[PDB]
């Protein structure tokens, strides 16, 4: 089971696609909810995501069918289409998923954030870095629900540098676009959700704390944080979760004025990557780095909760550290950082010491030597 949020607020979930096209925004929203008696949220909502995952793993599509059998009824503890908790303006996080992932696979993070009074928009990227995603060819297709699917692009070695950079720039634009959509809904612009879901978007009117915006993401999503910050000053700070730095252009490193927090796994990182993170540092800029002891790259994503301890460790979905312990640290340290750099008036400064890696399961900075 994917853990429930640790915060005081109940959590709701829904999906927004606007416009309906491959250039529209697709996101999963996690938000403080008024009610706590709704059905839980289906974790991986369509069979095609499992086919996507099968291609990402480099297996036959029939492994996709097997993955569906195993995981296709799994839920995540968020009240599907629950009304938004009224009477308060919430800060906003835009969240960016990893390569071969998609919008629904970081619910442990999204739910926890929402339970502390954030609205979280987990974008689904259309750069062919998602295992799968979908949209509609035209207005007619959107009405009848005739989905067009877009699957993960496999690269040749000679395409890697160039295409990963094209992808990270698209990802950043998608983050900025998702922000604009949410800010426009906040004002009260009518938006007809291309998905026919019983969550009225007008609830979001006057519900966003409009200057309190952050961008967070895992791996490819971590590079996306960085690209996004350099190009969109509306994002006040960023948190990169085990960032994969390879996609970034040489130009971006000196171009990130906002506070930036690197939260790393012990076992993912390597000198080339760490060197790139250190290129983000300058005397006038606020940077923080911590490393979670005993953790692996997948501790930041939901599949760390989806299997047992023995299978999970074999598949590199789990580390030596307990998955809930690990995500608690990442999520609490994130909260403290956000409160600091968004100027929130909550109690998240109780976790300030985690920003400095002061905890028995944290390493300050990095375990990686780069000399």
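Numbering follows the first chain given and starts at 1. Under this definition, the rigid core comprises the largest set of C-alpha atoms superposing within 1.5 Å between the forms.
Asks: Comparing 139 to 147 with 252 to 260, which has C-alphas lying farther from the shown form in 9 other deposited structures of this protein once the core is aligned?
Replies: More C-alpha displacement in 9 other deposited structures of this protein shows up in 139 to 147.
Asks: May I ask which stretch, 327 to 335 or 38 to 46, sits farther from the shown form in 9 other deposited structures of this protein once every structure is superposed on the core, judging by RMS CA distance?
Replies: Once the core is superposed, the stretch further away in 9 other deposited structures of this protein is 38 to 46.
Asks: Using the B-factors recorded in the PDB entry, average over the C-alpha atoms of 215 to 223 and of 267 to 275, then report which stretch comes out higher.
Replies: If you average the C-alpha B-factors of 215 to 223 and of 267 to 275, the larger mean comes out for 267 to 275.
Asks: Higher average CA B factor in the deposited record is what I'm after, so tell me if that's 117 to 125 or 248 to 256.
Replies: Higher mean C-alpha B-factor in the PDB entry: 248 to 256.
Asks: Out of 28, 332, 318, 55, which shows the largest CA B-factor listed in the entry?
Replies: The record points to 55.
Asks: Looking at 289, 132, 142, 109, which has the highest CA B-factor as recorded?
Replies: Of the candidates given, the C-alpha B-factor peaks at 142.
Asks: Looking at the temperature factor on the CA atom of residue 358, which third of the chain's modelled residues does it land in?
Replies: For residue 358, whose C-alpha B-factor we compare with every modelled residue in the chain, the answer is the highest third.
Asks: Once the chain's modelled residues are ordered by C-alpha B factor and cut into thirds, is residue 350 in the lowest, middle or highest one?
Replies: Within its chain, residue 350 is a highest-third residue by C-alpha B-factor, going by the deposited values.
Asks: Thinking about Cα B factors across the chain, which third does residue 100 belong to?
Replies: As the PDB entry reports it, the C-alpha B-factor of residue 100 lands in the lowest third of its chain.
Asks: Pull the Cα B-factor of residue 302 out of the PDB entry and bin it into the chain's lowest, middle or highest third.
Replies: For residue 302, whose C-alpha B-factor we compare with every modelled residue in the chain, the answer is the lowest third.
Asks: In terms of the chain's CA B-factor thirds, is residue 296 lowest, middle or highest?
Replies: Its C-alpha B-factor belongs to the middle third of this chain's values.
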